[PDB]
């Protein structure tokens, strides 16, 4: 499933920074019960940067095992070296994942032609559906609509997670791609606006703690009931902002712990523990959303 | 050597994308002959993002072997996960390298407290001198002067490669650190200005192809001879700019090949070959510098 | 009328830079015939900066006289000194204009409290409806949604021309104001997106040369027929971009001359004549729109 | 005087918002006593946007009268319409002022060719020396070095007030102009850095309240005594920053009142009175500088 409310799931960790199977199970059951459309495993929110390849694969496989066919799983498979992205993708071929979420190379700042060759090569060597991921504030590069249009001609490049927050991208991309190419927001605070403009859903941090409200918001949006959706969005807006009051996923993991969905809020360095002021801001946002 | 003209040396490749030992040897001998102060091996210009750690370590160790004590070698040791940076640094402990160039974590956008903990942990696991490296355009993170002050208190944190191009940082940092903390430019086009303000040298892309000129410019700067240094700077200004006409190190590798310093200008995806328009721009800059 | 396609009309000039009544008459008749909703007289596009107060008033009065009740006229009344804005507003009280378009103070960078006091004072001393105008790229300040919400409580502050191009502003402002407060785009290239998000129309440069297509696009948008509207928008998109290929209103005045709507394309310094390359780009855009 | 510590003097007002002659006289005598090099009358800090031309001219002429040949007076003469800038400059022809400070047109965003024609036309209508003034954060326009080169060829264009805070501009401009073209900082917090790179002085907000310290710092800089100049700079750094805690000249007028240099801290809308939090910040900065 590549539409509606898709959660960019936290990778819950014990105090040692190793994946907590019991916490992950509780999250997955929560998403199944709450109507989340799909789970993005080891995306940005899942701390892909600080897992090594083996651990990253372990988490995807554990998520599939625990999901047990009840909810679709999309794996984070991005890398900043094209060989590495291919390699990681091969580990998931015939795993049971429904598709891959693949970020533009970060740090090295390739040209648009470099991005085209990068994604073309990755798509060539899998039959899995690929969702491109643009997040310039993290990567230092910006995958432009023209290049997205070029890549959407590749059979198994099927959509894009657009995380610029620049809403003009929706229709710039839509006019260059076929009607079946999926446009997903990667920016919770602008996601409803993104859907109103023609987007198909959101790959969401907020959904980690407000899964039912997110699922109902995205359904209302898909039906054209934007005023109704916007009531939900306004109750969620403090979370859409304050889940980034300190670096994601610091706030959302604390929030998941506060709700009892995970055993510990531990992250891996260079992510550090939430500050006291951050706890108080996040808690206020959870209360605004009616979750505590 | 942590002052003067420090080359961020290319990792020259064969057509297959693997390190070319003959080319690396030619470069290194060139830098010895030219008066380059030190070599940074597998920095940004050396394609650290697209080598695996073993490959990265092999290039560093080959560069150290070829230098044969003639010129000091600083290893690139940055990573966006602290555990991984520690692992890479530990490869070089007792190796012969003189210190480490360690970039702020990229993509994951840690807080300043996160940056402090990351670099502190790395410095704790080595006796080697650490040069911090700030380049927000690539990493999505900005290591601010206050945090650089805090880190300069750690015994073996000894300098910073400041690649913002924001020259106010020179004196902001200088006033927070001891007189022996080294300030190096990471931005060729502003590097003479950076030294004029108090900086100690440059870690340079341009030095790959104008090593003698860069070394002479930096020596004149260190002596307070700014007007003479500026004449050299003006002759190199088109390279300082046009070596970034396409993404670094695409132009500089081509320039190295054009000068006969390396056998091929091959890079790894997502870096792609220089365009025809790029070749003509870079050739014009080399001709301006009197190198061709 | 404060909805649909509203033209930010050029101030046509003879070769001496004085207002050309005959050219203005032809424009006004064109707008009446083509279904434009209203005319903004001496806005940005009408070169408010380079008319003195007497000339500025002359042009508004001439536009009202020529309109002869057939189309509503909104006067540009902005200034960067609150006394000056009041003064200019008084000149229009009981003139026949339907409202005023009042820009945030430029150059002096007031606080949000300063903007609130500025606009509150101007509104106090007129019974004319006021449309706030935010264009940070010109002014150096940004009138934020919170302050817009404060000002919308003032009885005769009735809407806002939002020219940031940042589409998140639509619903940030809408949630803070009453249902009858008018949201108008000031950014042609994002205007259709702006209306799709809940905006009520556009104060347009493009409408100067494509008045009928703009009027039909904004009606389709108001009816919810966005796919239909978007076909029109895509034929207009090169004009929405290339009317800013050189500083507005340089391109649009040339385009008006090329279509025969005005006798000369003359502007006042510091605006200068269109370049040859600009003529060719603008002409291509007019052809794309089917106007030549 | 177009070098050293040049004060962008406040236009002190009474409670009604009109120029206070006794306060202006106290300031001017202060600057004579302190060793200020020159006074810029009705620059940005002097509230040029909210005086009418007659008022503006009266303040300039009063400042010239009060200076009584003791200290040179440069008039602010900028406008965003060329005709208006010419008119204002012509007011001061044969007046006693030593030159003119003329800002790039604001709001209307002319091209570089437009800037060239604007300043050329103004210089043609006077024998007075012209200092260009670039401050893109306020004007929406950036007068680039290439254009500054082109204008420096006009006989009576003799310098530039560079208020970008982008220190690379010093040497970019210096290499395109003659050795006698003057480079002055418009940015107090980077001004010592600017002089260290080659600049000749500063047109300063801080000098309104730390005139002796600023004059001593600039003299030390001119002599090449940078380390001693930096000690003074560090003592003034909180003022350099906190005089912009609210919009200039709100903080500096309050500071002048607090020091007894002016009778009231009144400004004209849209500038508004300093907040209580602002007063406490500025008082802390004055105490740091040892002025209180």
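Miscellaneous remarks
Letters A, B, C and D name the chains as they come in the text, with residue numbers starting at 1 for each one.
Simple rule for what comes next: a contact is a pair of C-beta atoms (placed from the backbone, for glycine too) under 8 Å apart; a residue touches a chain by one contact, two chains touch by 3 or more.
With centres defined as mean CA coordinates, subunit D is found 34 Å away from subunit C. Subunit B and subunit C, compared by their mean Cα positions, are separated by 50 Å.
One finds 40 Å separating the Cα centroids of subunit A and subunit C.
Taken pairwise by the contact criterion, the protein chains form one closed cycle in which every chain touches exactly two others. Screening every pair of chains for touch gives A-B, A-C, B-D, C-D. For subunit C in complex with subunit D, the residues that touch the partner chain are 44, 47, 49-50, 52, 80-84, 105-111, 113-115, 117-118, 121, 137-140, 246-247, 268-272.
Against subunit B, in their complex, subunit D makes its touches with residues 165, 167-168, 170-171, 175, 189-190, 192-193, 196-197, 230, 234.
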